[PDB]
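# Structural overview
Each chain, letter by letter, is given below.
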Amino acid sequence: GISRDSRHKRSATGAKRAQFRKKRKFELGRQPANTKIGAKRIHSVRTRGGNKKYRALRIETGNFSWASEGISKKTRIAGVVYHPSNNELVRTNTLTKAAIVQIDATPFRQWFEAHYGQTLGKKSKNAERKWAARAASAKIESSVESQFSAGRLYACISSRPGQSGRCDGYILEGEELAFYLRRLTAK
Amino acid sequence: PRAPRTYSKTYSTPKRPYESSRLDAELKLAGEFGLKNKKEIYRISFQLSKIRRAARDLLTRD
Amino acid sequence: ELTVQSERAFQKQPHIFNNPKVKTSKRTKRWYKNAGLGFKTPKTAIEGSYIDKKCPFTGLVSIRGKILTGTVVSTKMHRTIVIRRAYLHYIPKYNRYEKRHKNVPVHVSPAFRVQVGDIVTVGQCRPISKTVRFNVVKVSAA
Amino acid sequence: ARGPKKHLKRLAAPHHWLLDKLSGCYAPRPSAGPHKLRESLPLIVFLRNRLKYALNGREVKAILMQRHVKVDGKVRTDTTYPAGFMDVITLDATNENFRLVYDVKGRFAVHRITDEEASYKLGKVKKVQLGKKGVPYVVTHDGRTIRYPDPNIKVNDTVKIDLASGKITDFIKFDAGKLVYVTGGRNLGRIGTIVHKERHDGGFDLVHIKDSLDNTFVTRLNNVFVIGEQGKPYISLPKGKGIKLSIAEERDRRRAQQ
RNA sequence: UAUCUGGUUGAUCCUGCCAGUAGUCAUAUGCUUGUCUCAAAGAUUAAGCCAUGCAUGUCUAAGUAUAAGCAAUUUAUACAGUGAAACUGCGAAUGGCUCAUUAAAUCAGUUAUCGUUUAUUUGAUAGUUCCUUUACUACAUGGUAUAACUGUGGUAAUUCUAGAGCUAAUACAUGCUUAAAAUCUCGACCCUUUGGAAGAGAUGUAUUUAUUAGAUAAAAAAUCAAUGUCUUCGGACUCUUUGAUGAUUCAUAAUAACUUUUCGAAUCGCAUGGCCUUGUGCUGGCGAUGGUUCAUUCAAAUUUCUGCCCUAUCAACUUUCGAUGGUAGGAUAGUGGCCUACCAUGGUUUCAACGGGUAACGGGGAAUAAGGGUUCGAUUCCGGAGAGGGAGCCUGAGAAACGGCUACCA
RNA sequence: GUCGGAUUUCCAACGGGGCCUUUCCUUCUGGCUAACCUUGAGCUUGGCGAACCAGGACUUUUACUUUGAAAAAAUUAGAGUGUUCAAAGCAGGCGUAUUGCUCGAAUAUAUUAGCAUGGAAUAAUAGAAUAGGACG
RNA sequence: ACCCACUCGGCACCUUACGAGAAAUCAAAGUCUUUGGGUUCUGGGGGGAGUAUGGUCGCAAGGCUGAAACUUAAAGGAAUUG
RNA sequence: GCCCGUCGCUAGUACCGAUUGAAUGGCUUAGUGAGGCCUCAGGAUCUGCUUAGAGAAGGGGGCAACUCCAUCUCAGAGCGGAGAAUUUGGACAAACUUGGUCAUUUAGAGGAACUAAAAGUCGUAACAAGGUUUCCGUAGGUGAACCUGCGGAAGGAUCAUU
RNA sequence: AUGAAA
């Protein structure tokens, strides 16, 4: 199996270490996950000490956070559009950490309507008081407003699905939002 | 596995073998004190040598 | 050191959510930590726009264990240097010494700007790389 | 070697059990417990090579299984259980109570005592933490884990416990001028009344300590064990009371007590 | 016990070697050998090959027994005594043998895990599991085999197994049953507009992500976006609370969700005790087993500083296709070129790198000595490696297992 | 001044701690306020922070050397012990031998390297000179 | 240009022997068992052998580095008397 | 007296050497590449649910056709669970073939040395001024020690010509 | 010019 030690590498001076041991189980590795989209399949693998490890594959839906509001909703995943590590992962549409993908934006949309009562894109006493109190905060910025107009919203995967069985992430906002749309539009 | 039994002799042969004075002295000792073995004589000399090294390296100190 | 976001990824401090909605004084936030053992977090590290998560002060790489002092001899690498530990190994038989050196490499933050000859002390942190384990905390030359 | 050790030879077993280098090439391995491997006295070597209440390990296991024996107010029917420091053992037969404490010669002593002095013990806190559900708690030097204690109890303190429950009778803080006991090093068994300490921030807090013959020394803060206040010990103490006289003075002592 | 002696000369003084002498847990051999005690013993060459026979199996009062096994319950109609075989649960990864590999590698002293796993023990620790949550559902408790066994048997042989008929569980797959408060949402309704609102769903534990708190060198002033506590609506404004660490995005708490759904006892032995609303009603002990988390303990894996024999008839080594670093990701139980994508060209060297040799495992130590030292250390103890050479992997907490499998080579 | 043990003023030496002689030998907040100028009649009410401590702070570098913590046993040296002596081993010894009593199983060594440590000779070691120099 | 006296650096000399060495001898070949001012290069009985091999330089002759197997009890230094 | 070399006999040790020499072990380019493991499919087989219409028994009801539900039966339909053989792609990579390279030994016609060995032949080079003073380096010559040329030294046979 | 071995 894939080793994880440095007894198989060269030393720092430029010296091939000798063959000293046989490979172990506490220096092993295993194959990548190559997690894809659609028809969720999760094989599990036994680890050191029981301690299960949900090897994600083919994951259709995942969790996504909006951090200024602290909320976290479930959504599908259109596909990855940018990955700093590899354009190969970009092409083959493989989810990993730090990965820039697009999501529906519709549960956030309808939740936004129910929570502030303020339109996007383009009655009862209690709900009216609620929206009137939460007003002066439906003024987020232009790029997210455009993305809610489009119905395809930029998120970053920040989980480790090959270690967790979870594509979890967060909507982009402000600074890194501008940075990543700059990287996409860079031509 | 059994912790090994210490063994150590209780005699020591002469450095220089054939000195007629030494040989006659230890023969004198064996034939007057009723001994069989220069081994035994060396043994007694070894005890004396042990205590003499101890005495020296103790009385060296203040 | 022209651009903090030089790399394709977005380098930042994890979990330090600078909220874009509120516009309060000091528009962007920065985590840090006192390393301990009587060291100082420099004002350049406080005011810095850089990230360098492998730094002991602003980053997340705890110093613990041995501490050493040496003079720098290489600077030609990216956020990494090599020092020289000139010392004298004793030989009992001849009852006298001999010069020896061990060129340990260490990691260096952007909080210090170091040219060759700058004497430096470090701290044992976790394995930064195949070659590196230590990280610098004070410099003692010009 | 591919897993936990299970056997233990003699000459890797510690010194202070005083196990003989003859009589079979294997030693009793302390099964896991509230104390370490080396600073622990198994009940097998206890009954078989301190009291001679039995002669063979079969007999000692017979005793432990028929339950004439009980530690900390519980039977503890294992032949190789760790009887560690400060600990209590109770024998219905003879109505005796032995205590496992140290002696100044660096050995596990045999402290004959009564039932209430068994019913309480002492335990140094090893650390303090906050458990789940916002429950502050502490943990001692004998694997005992205790909940909702006093905030005055901080690290290096000692607690005195009921032994019918895990609750507290009282506690003793760490500060300058308290009676102590040493556990680790050449000073094994000393009793030496803290005079001051020193930090060396980064590891190895050290403490300056002296016994009542004016004789001073320095010890590590994880090797010490505080037993109370000056004068009165909170328990009864073994022969010597931690003095470590010279070899010649002890020679004269026994030759006067021939 | 800081010792010398014989030998080049016709003789003498020297350098200089030879030989002598003493020792060795240093072996072999010869010749001889009466006794007591203690005891090394196929290491050196061949880690060369092995016939045969043993070396790990295992149960209590207490996981499963209709043995068509054996005594007898007669205190027991279901057994309730003992008990092969078999299912189950543990262990077989310790021990034992050798020293082949290996020259910054093992190892020795000395550090760290604020960078991780940890069965077993030991101390604490699961009022919150009815999911159109009102009939959707037994909780004095639910379903399915399958072994053993019965018999049919098939191969020359195998700890070979098929076919058919049963039956068990701490085996599998499932599964409800106990408080009180406290905030969010809705939100009936009054409608008030200072705005008041009945009633309903959530909250245990665990995983994953995001956020906040997790603290505190020193004292006063000007207002309000809208008074916020209660009002003399002149404003008195106090009250405030957070542990440890050398030091943390620590321990820990709370918001918002995720889970194909983790754990929250359908287990077992003794003794049988009390309340009467006189019901197999309600309550009750001493235990064993298992179980989520935390801590402990036996460990484990990486890791800081220093140290190794001979070689320059080895002076440059490493980097194609990882060598040195950085960023991101995968993998890991975890850091980290451990591996991949992109980028910078580095890293080691006469203070002997790199390559070669070694009748080289390292050490605690052994022989031997005034001092300095030299030689040896396979070998009882500590840590490593291996099971004929290599590679791979299941079960498991723990193996790259070999008295376990798979292939190739001999 | 005990009948060869131990004491005082001890003259002197021997090494140690402190003050001054141009000799700051880091000081700001503090509580101890300390040594308290604080004194009540001869034992009273109020001095300058390290002598205890948390910190802000400059802490220019080593080599050296002292002391300490720590270095698994066995081995080595070495205490006691009649295994019949001895090699050994860690046992044994004493009773009214019926209840039993009881000292032991010491101590030493532990290289280099690592941690703390008092010192400041020795050996190097940078300092403020077309003063970006310190107290301010 | 000579003479006298002094001086520093040289090539050396005559005599002693406090000192050294095995001795011849030596102003260092002294200040070394009363063993240490700093550093470099070389030797470890005689031969085999400055051979064989491997690099390296040279047109060549040859040079620099440079062993082993094997053999032997002496070879060698300085002096004394013949 | 002592001694040198060639030549001759006996025995040994090592070197050069045709043989694209031979072996042993390690590293390894290239090619083939088992075997498991991971992932894309595969689907025998077994098995739970939902209906699903009828050949027609049984009883309950117009008691006569007819009607209600269970029933031995079989398609047919989906809703699923487990699921071996086989299989794509990947990484780990044994083993074999071919080269290269590094070390450790080894065969060999013959050639040229060295050493040892009681009495072999040819001369007499050296030690005295050794009978041409010896030796050092270099070159040529010749059976052999050796001679000669050019320079150098005293270890010379001279420490010496006012 | 040479002069056998102990």
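Method information in the entry identifies cryo-EM as the source of the structure, with 3.9 Å recorded as the resolution.

Turning our eyes to something else, we now look at the domain arrangement of chain D. Residues and elements named next belong to chain D. Here chain D is partitioned into domain 1 (1–116), domain 2 (121–171) and domain 3 (174–244). For domain 2 versus domain 3, the distance between C-alpha centres works out to 21 Å. Contacts between the two partners involve 7 residues from domain 2 and, on the opposite side, 7 residues from domain 3. Approximately 710 Å² of surface area, both sides summed, lies buried where domain 2 meets domain 3, with 62% of it carried by carbon and sulfur atoms. Considering only the surface of domain 2 that becomes buried against domain 3, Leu122, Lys124 and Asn156 emerge as the three largest contributors, covering 66% of it. Between domain 2 and domain 3 we count 0 salt bridges in total. Put simply, domain 2 and domain 3 have 4 residue pairs in polar contact between them. Residues of the side of domain 2 that touches domain 3, tallied by class, amount to 1 nonpolar, 4 polar and 2 charged.

Right, let's talk about the protein's contact with RNA strand H for a bit. Residue and element names in this part refer to chain A. Around RNA strand H, a shell composed of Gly1, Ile2, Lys23, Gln31, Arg41, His43, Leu57 and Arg58 is seen. One of the backbone nitrogen or oxygen atoms of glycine 1 is found 2.8 Å away from a sugar or linking oxygen of RNA strand H. In this structure, a phosphate oxygen belonging to RNA strand H sits 2.7 Å away from a side-chain N or O atom of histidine 43. Its residues placed into classes, the surface near RNA strand H shows 2 nonpolar, 3 polar and 3 charged.

The next thing to look at is a nonpolar patch on the surface. Residue and element names in this part refer to chain B. A cluster of nonpolar side chains, contributed by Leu29, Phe33 and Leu35, occupies part of the molecular surface with about 300 Å² of accessible area. Structurally, the position occupied by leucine 35 is in the loop between α1 (20–33) and α2 (38–59). Taking the relative accessible area as the measure of exposure, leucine 35 reaches 37% and is therefore partly exposed.

Residue and element names in this part refer to chain C. Of note, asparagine 103 is situated in the loop between β4 (96–100) and β5 (105–107). Between the C-alpha atom of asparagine 103 and that of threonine 71, which follows or precedes it by 32 residues, the distance is 10.0 Å. If near-sequence neighbours (up to four positions away) are discounted, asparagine 103 is found in contact with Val73, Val82, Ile83 and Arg84. Of the polar contacts made by the side chain of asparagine 103, one reaches the side chain of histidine 101; its length is 3.3 Å.

Moving on, we get to the pairing of strand β15 (residues 216–220) of chain D. Only one face of β15 of chain D is covered, namely the face carrying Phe217 and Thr219 of chain D; the face carrying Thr216, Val218 and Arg220 of chain D is uncovered. Taking the residues that link successive antiparallel strands as the turn, the strand β14 (residues 206–210) of chain D-β15 of chain D hairpin has 5 residues, and the phi of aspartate 214 of chain D there is positive, at about 70°.

Often, the extent of an interface is quoted as the loss of accessible area upon association of its parts. Contacts between the two partners involve 13 residues from chain C and, on the opposite side, 21 residues from chain A. Regarding the contact of chain C and chain A, the summed buried area is about 1,400 Å², with carbon and sulfur atoms giving 54% of it. Remark: the boundary between chain C and chain A carries 1 salt bridge. One salt bridge in this structure joins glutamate 173 of chain A and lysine 21 of chain C, with 2.6 Å as the shortest N-O distance. Here chain C is connected to chain A by 7 residue pairs in polar contact.

All names here are of chain D. Scanning the entire structure with this criterion turns up 22 salt bridges over all chains. For the salt bridge of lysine 173 with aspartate 157, the shortest nitrogen-to-oxygen distance reads 3.8 Å. Within this pair, whereas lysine 173 is found in the loop between β11 (168–172) and β12 (179–182), its partner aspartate 157 is found in the loop between β9 (145–147) and β10 (158–161), the two being separated by 16 residues in sequence. Linking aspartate 201 and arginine 199 is a salt bridge whose minimum nitrogen-to-oxygen distance equals 2.7 Å. By relative accessible area, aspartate 201 is classed as partly exposed at 46%. Overlapping salt bridges, with partners in common, bring together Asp72, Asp87, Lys121, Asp142 and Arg144 in one network.

The next thing to look at is the sheet that holds strand β2 (residues 69–71) of chain D. All names here are of chain D. In space, the 4 strands of this open sheet follow the order β2-β4-β5-β6, with antiparallel pairing throughout. A strand with exactly one partner marks an edge of an open sheet, and here the two such strands are β2 and β6 (111–113). Between one strand axis and the next, the sheet turns through 25° on average, direction left out of account. Bridge analysis of β2 against strand β4 (residues 88–91) gives 3 bridges, and the strand direction is antiparallel. If you follow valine 71 over to β4, its bridge partner there is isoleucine 89.

Calculation rules
Residues numbered from 1 in each chain as written, not as in the entry; some residues may be left out. Chains lettered and ligands numbered in written order. Part of a larger assembly, values for the part shown. Heavy atoms only, no water. Residues with missing side-chain atoms left out of burial classes, pairs and counts. Domains from an automatic or database assignment. Contact = heavy atoms within 4.5 Å. Buried area = accessible area lost by both parts, 1.4 Å probe. Salt bridge = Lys/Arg side-chain N within 4 Å of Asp/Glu carboxyl O. Polar contact = N/O pair within 3.5 Å; in protein donor to acceptor, adjacent residues only side chain to side chain. Nonpolar A, V, L, I, M, F, W, Y, C, P; charged D, E, K, R; others polar. Near = heavy atom within 4 Å. Patch = residues over 30% accessible without salt bridge, like charges linked within 9 Å, V, L, I, M, F, W, Y side chains within 5 Å. Areas by Shrake-Rupley, 256 points an atom, 1.4 Å probe, with all protein chains shown as cover. Helix = DSSP H or I, 4+ residues; strand = E, 2+ residues; numbered from the N terminus. Buried < 20%, exposed > 50% of the residue type's maximum accessible area, 1.4 Å probe, protein only. Pairing = 2+ DSSP bridges. Axes fitted to C-alpha atoms, helices over the stretch in contact; angles between N-to-C directions.

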